[PDB]
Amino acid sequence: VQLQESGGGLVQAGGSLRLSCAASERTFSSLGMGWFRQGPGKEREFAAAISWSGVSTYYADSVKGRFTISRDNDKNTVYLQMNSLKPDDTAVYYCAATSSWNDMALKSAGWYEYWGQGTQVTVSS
């Protein structure tokens, strides 16, 4: 199982980006998926997650109502639609996958076995 994110880069404040994370195998459809972000100088933190079945989604309070996570098992891909970006959203964004089907696993990085390499998102004002 390997995760590769894409769709990062530079964006102006108030703009939008869609991050993609494709897993290398159909195993994807048995994995809960999450997005974590590590700001410059800060520790890495939860952003969004979606249950293995796609039935439930979870969001950090700082991104609720701006970000949308979704999944497409047919393409082994999880997405993060990020609207209304602000400079404080600048960070390396990591895709991650957990073998747990317990939704409580989704909100903490420590329950995810699989990690992408992370992609830079930089929002300028």
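From 1 onward, residues are counted along the sequence shown.
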Quick note on 49-57 and 35-43: per-entry mean CA temperature factor is higher in 35-43
Third assignment of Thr98 from its chain's C-alpha B-factors:
lowest
Lowest, middle or highest third: where is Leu19 by C-alpha B factor in its chain?
lowest
Test of reading the entry: by CA B factor among the chain's modelled residues, which third contains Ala109?
lowest
Relative to the other modelled residues of the same chain, rank the CA B-factor of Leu3 and answer lowest, middle or highest third.
lowest
In terms of its chain's C-alpha B-factors, the third that includes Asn83 is the middle
